>>> print(open('target-v1.cif').read())   # mmCIF, C-alpha atoms
data_upload
loop_
_atom_site.group_PDB
_atom_site.id
_atom_site.type_symbol
_atom_site.label_atom_id
_atom_site.label_comp_id
_atom_site.auth_asym_id
_atom_site.auth_seq_id
_atom_site.Cartn_x
_atom_site.Cartn_y
_atom_site.Cartn_z
ATOM 1 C CA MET A 1 1.097 6.000 -24.394
ATOM 2 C CA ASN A 2 -2.245 4.405 -25.279
ATOM 3 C CA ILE A 3 -4.606 1.619 -24.072
ATOM 4 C CA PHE A 4 -2.734 -0.986 -26.158
ATOM 5 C CA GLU A 5 0.644 -0.156 -24.819
ATOM 6 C CA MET A 6 -0.753 0.053 -21.277
ATOM 7 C CA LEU A 7 -2.238 -3.381 -21.477
ATOM 8 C CA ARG A 8 0.716 -4.879 -23.118
ATOM 9 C CA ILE A 9 2.721 -3.774 -20.038
ATOM 10 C CA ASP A 10 0.357 -5.233 -17.516
ATOM 11 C CA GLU A 11 -0.400 -8.597 -19.224
ATOM 12 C CA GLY A 12 2.774 -9.457 -21.055
ATOM 13 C CA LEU A 13 2.962 -11.497 -24.252
ATOM 14 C CA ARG A 14 3.225 -15.338 -24.250
ATOM 15 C CA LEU A 15 2.984 -17.572 -27.401
ATOM 16 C CA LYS A 16 2.366 -20.897 -25.494
ATOM 17 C CA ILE A 17 -0.686 -21.716 -23.248
ATOM 18 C CA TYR A 18 0.070 -20.602 -19.751
ATOM 19 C CA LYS A 19 -1.752 -20.188 -16.499
ATOM 20 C CA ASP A 20 -2.744 -16.778 -15.260
ATOM 21 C CA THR A 21 -2.431 -15.422 -11.744
ATOM 22 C CA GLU A 22 -5.684 -17.243 -10.874
ATOM 23 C CA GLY A 23 -4.552 -20.515 -12.394
ATOM 24 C CA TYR A 24 -6.544 -20.359 -15.631
ATOM 25 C CA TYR A 25 -5.499 -21.286 -19.122
ATOM 26 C CA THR A 26 -4.555 -18.149 -21.100
ATOM 27 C CA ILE A 27 -2.457 -17.269 -24.130
ATOM 28 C CA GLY A 28 -1.049 -14.140 -25.847
ATOM 29 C CA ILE A 29 -1.783 -10.777 -24.277
ATOM 30 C CA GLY A 30 -3.989 -11.927 -21.417
ATOM 31 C CA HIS A 31 -6.606 -13.779 -23.479
ATOM 32 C CA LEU A 32 -8.393 -16.147 -21.112
ATOM 33 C CA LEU A 33 -9.209 -19.477 -22.803
ATOM 34 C CA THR A 34 -11.216 -21.386 -20.133
ATOM 35 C CA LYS A 35 -11.768 -21.442 -16.422
ATOM 36 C CA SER A 36 -11.737 -25.263 -16.881
ATOM 37 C CA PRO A 37 -8.998 -27.342 -15.325
ATOM 38 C CA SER A 38 -8.529 -29.306 -18.492
ATOM 39 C CA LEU A 39 -5.483 -28.527 -20.682
ATOM 40 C CA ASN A 40 -7.507 -30.248 -23.231
ATOM 41 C CA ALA A 41 -10.482 -28.012 -22.939
ATOM 42 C CA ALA A 42 -7.979 -25.177 -23.388
ATOM 43 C CA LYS A 43 -6.468 -26.489 -26.493
ATOM 44 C CA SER A 44 -9.933 -26.937 -27.847
ATOM 45 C CA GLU A 45 -10.920 -23.353 -27.074
ATOM 46 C CA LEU A 46 -7.673 -22.163 -28.488
ATOM 47 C CA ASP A 47 -8.164 -23.865 -31.853
ATOM 48 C CA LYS A 48 -11.725 -22.577 -32.018
ATOM 49 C CA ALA A 49 -10.412 -19.064 -31.366
ATOM 50 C CA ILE A 50 -7.715 -19.017 -34.129
ATOM 51 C CA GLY A 51 -9.419 -21.202 -36.579
ATOM 52 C CA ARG A 52 -6.595 -23.722 -36.929
ATOM 53 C CA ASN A 53 -4.988 -26.510 -35.041
ATOM 54 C CA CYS A 54 -2.513 -24.729 -32.921
ATOM 55 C CA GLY A 55 -1.075 -27.253 -30.614
ATOM 56 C CA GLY A 56 -1.083 -24.916 -27.710
ATOM 57 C CA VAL A 57 1.053 -22.563 -29.685
ATOM 58 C CA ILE A 58 0.337 -19.331 -31.700
ATOM 59 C CA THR A 59 2.319 -16.671 -33.646
ATOM 60 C CA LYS A 60 2.791 -12.951 -32.660
ATOM 61 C CA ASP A 61 0.291 -11.997 -35.246
ATOM 62 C CA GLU A 62 -2.398 -14.299 -33.891
ATOM 63 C CA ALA A 63 -1.758 -12.904 -30.430
ATOM 64 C CA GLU A 64 -2.301 -9.394 -31.694
ATOM 65 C CA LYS A 65 -5.336 -10.279 -33.568
ATOM 66 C CA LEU A 66 -6.838 -11.646 -30.347
ATOM 67 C CA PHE A 67 -5.672 -8.552 -28.465
ATOM 68 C CA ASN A 68 -7.425 -6.267 -30.908
ATOM 69 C CA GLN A 69 -10.712 -8.240 -30.503
ATOM 70 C CA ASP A 70 -10.511 -8.146 -26.771
ATOM 71 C CA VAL A 71 -9.886 -4.375 -26.460
ATOM 72 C CA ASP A 72 -12.746 -3.739 -28.821
ATOM 73 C CA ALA A 73 -14.977 -6.059 -26.893
ATOM 74 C CA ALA A 74 -14.021 -4.337 -23.599
ATOM 75 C CA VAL A 75 -14.895 -0.873 -24.907
ATOM 76 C CA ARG A 76 -18.303 -1.990 -26.402
ATOM 77 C CA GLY A 77 -19.075 -3.768 -23.175
ATOM 78 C CA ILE A 78 -18.531 -0.537 -21.232
ATOM 79 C CA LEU A 79 -20.642 1.471 -23.626
ATOM 80 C CA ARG A 80 -23.507 -0.997 -23.407
ATOM 81 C CA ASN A 81 -23.434 -1.270 -19.786
ATOM 82 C CA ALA A 82 -25.835 0.866 -17.833
ATOM 83 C CA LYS A 83 -23.598 1.211 -14.887
ATOM 84 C CA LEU A 84 -20.410 1.718 -16.720
ATOM 85 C CA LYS A 85 -21.340 4.032 -19.618
ATOM 86 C CA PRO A 86 -22.109 7.083 -17.447
ATOM 87 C CA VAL A 87 -18.716 6.851 -15.614
ATOM 88 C CA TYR A 88 -16.854 6.404 -18.854
ATOM 89 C CA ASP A 89 -18.606 9.402 -20.461
ATOM 90 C CA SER A 90 -17.705 11.499 -17.424
ATOM 91 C CA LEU A 91 -13.942 10.824 -17.547
ATOM 92 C CA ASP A 92 -10.943 12.398 -19.365
ATOM 93 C CA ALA A 93 -8.968 10.354 -21.990
ATOM 94 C CA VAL A 94 -6.321 8.992 -19.552
ATOM 95 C CA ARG A 95 -8.741 7.888 -16.815
ATOM 96 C CA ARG A 96 -10.844 6.262 -19.512
ATOM 97 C CA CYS A 97 -7.811 4.065 -20.140
ATOM 98 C CA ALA A 98 -7.784 2.997 -16.488
ATOM 99 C CA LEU A 99 -11.447 1.781 -16.531
ATOM 100 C CA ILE A 100 -10.872 -0.024 -19.789
ATOM 101 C CA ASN A 101 -7.942 -1.861 -18.129
ATOM 102 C CA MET A 102 -10.083 -3.013 -15.166
ATOM 103 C CA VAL A 103 -12.766 -4.256 -17.522
ATOM 104 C CA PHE A 104 -10.213 -6.169 -19.588
ATOM 105 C CA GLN A 105 -8.926 -7.928 -16.490
ATOM 106 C CA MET A 106 -12.007 -8.435 -14.477
ATOM 107 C CA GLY A 107 -15.018 -8.306 -16.840
ATOM 108 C CA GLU A 108 -18.004 -5.893 -17.015
ATOM 109 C CA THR A 109 -19.834 -7.600 -14.242
ATOM 110 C CA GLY A 110 -17.005 -7.460 -11.779
ATOM 111 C CA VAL A 111 -16.159 -3.841 -12.354
ATOM 112 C CA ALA A 112 -19.874 -3.037 -12.276
ATOM 113 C CA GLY A 113 -19.776 -4.420 -8.699
ATOM 114 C CA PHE A 114 -17.487 -1.597 -7.538
ATOM 115 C CA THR A 115 -20.543 0.592 -6.772
ATOM 116 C CA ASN A 116 -19.037 3.035 -4.310
ATOM 117 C CA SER A 117 -15.802 3.530 -6.286
ATOM 118 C CA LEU A 118 -17.779 4.095 -9.522
ATOM 119 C CA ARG A 119 -19.770 6.896 -7.711
ATOM 120 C CA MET A 120 -16.633 8.674 -6.442
ATOM 121 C CA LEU A 121 -15.000 8.532 -9.891
ATOM 122 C CA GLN A 122 -18.086 10.072 -11.340
ATOM 123 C CA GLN A 123 -17.939 12.813 -8.771
ATOM 124 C CA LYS A 124 -14.274 13.316 -9.487
ATOM 125 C CA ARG A 125 -13.114 12.728 -5.884
ATOM 126 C CA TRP A 126 -9.776 11.235 -6.994
ATOM 127 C CA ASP A 127 -8.142 10.674 -3.684
ATOM 128 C CA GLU A 128 -11.170 9.082 -2.167
ATOM 129 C CA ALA A 129 -11.813 6.821 -5.020
ATOM 130 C CA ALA A 130 -8.145 5.586 -4.924
ATOM 131 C CA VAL A 131 -8.410 4.611 -1.233
ATOM 132 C CA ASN A 132 -11.742 2.739 -1.790
ATOM 133 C CA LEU A 133 -10.542 0.883 -4.898
ATOM 134 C CA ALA A 134 -7.649 -0.509 -2.730
ATOM 135 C CA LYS A 135 -10.111 -2.251 -0.438
ATOM 136 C CA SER A 136 -10.764 -5.151 -2.702
ATOM 137 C CA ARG A 137 -9.722 -8.711 -3.428
ATOM 138 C CA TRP A 138 -8.338 -7.282 -6.764
ATOM 139 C CA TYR A 139 -5.801 -5.060 -5.047
ATOM 140 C CA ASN A 140 -4.780 -7.741 -2.564
ATOM 141 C CA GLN A 141 -4.317 -10.404 -5.235
ATOM 142 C CA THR A 142 -2.429 -8.301 -7.869
ATOM 143 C CA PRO A 143 -1.136 -5.309 -5.908
ATOM 144 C CA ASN A 144 1.512 -4.016 -8.383
ATOM 145 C CA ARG A 145 -0.872 -3.910 -11.295
ATOM 146 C CA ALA A 146 -3.702 -2.569 -9.194
ATOM 147 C CA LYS A 147 -1.437 0.304 -7.836
ATOM 148 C CA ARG A 148 -0.575 1.292 -11.363
ATOM 149 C CA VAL A 149 -4.270 1.513 -12.396
ATOM 150 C CA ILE A 150 -5.130 3.236 -9.220
ATOM 151 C CA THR A 151 -2.381 5.864 -9.677
ATOM 152 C CA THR A 152 -3.710 6.441 -13.217
ATOM 153 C CA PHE A 153 -7.207 7.212 -11.808
ATOM 154 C CA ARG A 154 -5.712 9.316 -9.007
ATOM 155 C CA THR A 155 -3.541 11.472 -11.196
ATOM 156 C CA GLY A 156 -4.893 11.505 -14.695
ATOM 157 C CA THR A 157 -1.403 10.970 -16.078
ATOM 158 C CA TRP A 158 0.684 8.054 -17.337
ATOM 159 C CA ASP A 159 3.275 8.368 -14.590
ATOM 160 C CA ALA A 160 2.902 4.783 -13.262
ATOM 161 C CA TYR A 161 3.753 3.415 -16.585
ATOM 162 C CA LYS A 162 6.542 5.731 -17.640
ATOM 163 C CA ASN A 163 8.872 3.861 -15.502
ATOM 164 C CA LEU A 164 8.062 0.466 -17.184
#
>>> encode(input="target-v1.cif", output="structure tokens")
Amino acid sequence: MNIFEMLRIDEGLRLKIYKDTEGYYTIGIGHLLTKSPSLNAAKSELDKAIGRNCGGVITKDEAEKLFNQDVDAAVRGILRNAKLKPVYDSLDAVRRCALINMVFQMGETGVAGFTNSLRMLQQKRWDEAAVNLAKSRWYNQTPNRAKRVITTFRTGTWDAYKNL
């Protein structure tokens, strides 16, 4: 299993504009288009993103192309972030996948706000970090996905996804 397959499991794949768990306009493999309530603003962002007039609809290829850009952007963001880089560098390959996932979902800034959990991960106190990560809006809002990520940080293995 790898970061791409992990994310593909958590976000799904949709070829028509849809609304995400938070109500925002999204397409493909979790690519947020706008936090704006306008379907029109969405279609506009969408066309700007692909470089053609889509009509609210894209092909598998286009969805993957976006997915590649987003994973790349997520990793670079971590590496440029002063709060995130040190945790990332400190982790094994599997756990690294778990932080990339959080960043993909919630952005650099948000994850960066998990101060106490970031500290425990760095210290490698797995069990404690798992309990603290669960005390968030994130966990309460998307509990199944959050438990998977959390289990990944807790164990260092792909068990939560080998089911799926």
>>> resolve_selection(input="target-v1.cif", expression="the PyMOL selection byres ((chain A and resi 64) around 12)", output="ChimeraX atom specification")
/A:4-5,7-8,12-15,27-31,50,58-63,65-71
>>> closest_atom_pairs(input="target-v1.cif", of="stretch 42-112 of chain A", to="stretch 127-145 of chain A", cutoff="12 Å", atoms="all atoms listed in the file", output="CSV")
residue,atom,partner,partner_atom,distance
A:98,CA,A:145,CA,11.1
A:99,CA,A:133,CA,11.7
A:101,CA,A:145,CA,10.0
A:102,CA,A:138,CA,9.6
A:105,CA,A:138,CA,9.8
A:106,CA,A:138,CA,8.6
A:110,CA,A:138,CA,10.0
A:111,CA,A:138,CA,10.2
>>> atom_distance(input="target-v1.cif", atom1="atom CA of residue A:25", atom2="atom CA of residue A:37")
8.0 Å
>>> residues_near_point(input="target-v1.cif", point="(-8.4, -21.8, -26.6)", cutoff="7 Å", atoms="only C-alpha atoms", output="PyMOL selection string")
chain A and resi 33+42-49
>>> resolve_selection(input="target-v1.cif", expression="the PyMOL selection byres ((chain A and resi 56) around 6)", output="ChimeraX atom specification")
/A:16-17,43,54-55,57
>>> residues_around(input="target-v1.cif", residues="residue A:161", least_positions_apart="6", cutoff="9 Å", atoms="all atoms listed in the file", output="short mmCIF file (atom, residue, chain, number, x, y, z; two decimals) with C-alpha atoms, keeping the file's coordinate frame")
data_model
loop_
_atom_site.label_atom_id
_atom_site.label_comp_id
_atom_site.auth_asym_id
_atom_site.auth_seq_id
_atom_site.Cartn_x
_atom_site.Cartn_y
_atom_site.Cartn_z
CA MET A 1 1.10 6.00 -24.39
CA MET A 6 -0.75 0.05 -21.28
CA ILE A 9 2.72 -3.77 -20.04
CA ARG A 148 -0.57 1.29 -11.36
CA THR A 152 -3.71 6.44 -13.22
#
>>> closest_residue(input="target-v1.cif", among="A:75, A:91, A:146, A:97", to="residue A:120", atoms="only C-alpha atoms")
A:91
>>> build_atoms(input="target-v1.cif", residues="stretch 29-55 of chain A", atoms="N, CA, C and O atoms", output="tab-separated table (two decimals), keeping the file's coordinate frame")
chain	number	residue	atom	x	y	z
A	29	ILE	N	-1.69	-11.97	-25.11
A	29	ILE	CA	-1.78	-10.78	-24.28
A	29	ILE	C	-3.02	-10.83	-23.35
A	29	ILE	O	-4.00	-10.11	-23.52
A	30	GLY	N	-2.93	-11.72	-22.38
A	30	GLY	CA	-3.99	-11.93	-21.42
A	30	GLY	C	-5.32	-12.48	-21.97
A	30	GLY	O	-6.38	-12.20	-21.43
A	31	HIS	N	-5.32	-13.28	-23.02
A	31	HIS	CA	-6.61	-13.78	-23.48
A	31	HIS	C	-6.97	-15.07	-22.77
A	31	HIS	O	-6.38	-16.14	-23.03
A	32	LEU	N	-7.92	-14.99	-21.86
A	32	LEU	CA	-8.39	-16.15	-21.11
A	32	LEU	C	-8.99	-17.24	-22.03
A	32	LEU	O	-9.86	-16.95	-22.87
A	33	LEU	N	-8.57	-18.49	-21.91
A	33	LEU	CA	-9.21	-19.48	-22.80
A	33	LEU	C	-10.41	-20.20	-22.15
A	33	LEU	O	-11.47	-20.37	-22.76
A	34	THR	N	-10.22	-20.63	-20.89
A	34	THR	CA	-11.22	-21.39	-20.13
A	34	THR	C	-10.96	-21.32	-18.65
A	34	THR	O	-9.84	-21.28	-18.26
A	35	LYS	N	-11.98	-21.36	-17.84
A	35	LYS	CA	-11.77	-21.44	-16.42
A	35	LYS	C	-11.69	-22.95	-16.08
A	35	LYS	O	-11.53	-23.32	-14.93
A	36	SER	N	-11.81	-23.81	-17.08
A	36	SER	CA	-11.74	-25.26	-16.88
A	36	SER	C	-10.33	-25.80	-16.64
A	36	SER	O	-9.34	-25.43	-17.28
A	37	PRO	N	-10.26	-26.74	-15.70
A	37	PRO	CA	-9.00	-27.34	-15.32
A	37	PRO	C	-8.40	-28.24	-16.39
A	37	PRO	O	-7.27	-28.70	-16.29
A	38	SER	N	-9.11	-28.44	-17.48
A	38	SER	CA	-8.53	-29.31	-18.49
A	38	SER	C	-7.64	-28.63	-19.55
A	38	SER	O	-8.08	-27.76	-20.26
A	39	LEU	N	-6.39	-29.07	-19.67
A	39	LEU	CA	-5.48	-28.53	-20.68
A	39	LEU	C	-6.09	-28.84	-22.05
A	39	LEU	O	-5.87	-28.22	-23.12
A	40	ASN	N	-6.91	-29.86	-22.00
A	40	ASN	CA	-7.51	-30.25	-23.23
A	40	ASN	C	-8.62	-29.37	-23.68
A	40	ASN	O	-8.76	-29.14	-24.89
A	41	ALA	N	-9.39	-28.91	-22.70
A	41	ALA	CA	-10.48	-28.01	-22.94
A	41	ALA	C	-9.92	-26.71	-23.47
A	41	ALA	O	-10.57	-26.03	-24.27
A	42	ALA	N	-8.71	-26.38	-23.00
A	42	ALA	CA	-7.98	-25.18	-23.39
A	42	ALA	C	-7.51	-25.24	-24.81
A	42	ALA	O	-7.59	-24.27	-25.61
A	43	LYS	N	-6.95	-26.38	-25.14
A	43	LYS	CA	-6.47	-26.49	-26.49
A	43	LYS	C	-7.61	-26.44	-27.46
A	43	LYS	O	-7.47	-25.96	-28.58
A	44	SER	N	-8.75	-26.94	-27.00
A	44	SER	CA	-9.93	-26.94	-27.85
A	44	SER	C	-10.50	-25.51	-28.08
A	44	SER	O	-10.89	-25.13	-29.19
A	45	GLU	N	-10.49	-24.71	-27.02
A	45	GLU	CA	-10.92	-23.35	-27.07
A	45	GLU	C	-9.95	-22.57	-27.93
A	45	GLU	O	-10.34	-21.77	-28.77
A	46	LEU	N	-8.69	-22.82	-27.72
A	46	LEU	CA	-7.67	-22.16	-28.49
A	46	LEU	C	-7.83	-22.36	-30.01
A	46	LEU	O	-7.79	-21.42	-30.81
A	47	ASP	N	-8.01	-23.59	-30.41
A	47	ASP	CA	-8.16	-23.86	-31.85
A	47	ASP	C	-9.41	-23.23	-32.44
A	47	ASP	O	-9.44	-22.82	-33.61
A	48	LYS	N	-10.45	-23.16	-31.60
A	48	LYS	CA	-11.72	-22.58	-32.02
A	48	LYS	C	-11.56	-21.06	-32.20
A	48	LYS	O	-12.09	-20.44	-33.14
A	49	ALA	N	-10.69	-20.49	-31.34
A	49	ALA	CA	-10.41	-19.06	-31.37
A	49	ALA	C	-9.62	-18.56	-32.59
A	49	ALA	O	-9.92	-17.50	-33.15
A	50	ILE	N	-8.65	-19.35	-33.04
A	50	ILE	CA	-7.72	-19.02	-34.13
A	50	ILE	C	-8.20	-19.59	-35.44
A	50	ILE	O	-7.97	-19.08	-36.55
A	51	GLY	N	-8.91	-20.67	-35.35
A	51	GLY	CA	-9.42	-21.20	-36.58
A	51	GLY	C	-8.48	-22.17	-37.25
A	51	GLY	O	-8.64	-22.45	-38.43
A	52	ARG	N	-7.52	-22.70	-36.48
A	52	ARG	CA	-6.60	-23.72	-36.93
A	52	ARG	C	-6.20	-24.59	-35.77
A	52	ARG	O	-6.52	-24.33	-34.60
A	53	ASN	N	-5.49	-25.64	-36.08
A	53	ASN	CA	-4.99	-26.51	-35.04
A	53	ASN	C	-3.71	-25.90	-34.56
A	53	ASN	O	-2.73	-25.85	-35.29
A	54	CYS	N	-3.69	-25.42	-33.36
A	54	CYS	CA	-2.51	-24.73	-32.92
A	54	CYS	C	-1.50	-25.56	-32.18
A	54	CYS	O	-0.31	-25.37	-32.28
A	55	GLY	N	-1.98	-26.47	-31.38
A	55	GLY	CA	-1.08	-27.25	-30.61
A	55	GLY	C	-0.66	-26.49	-29.38
A	55	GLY	O	0.42	-26.65	-28.83
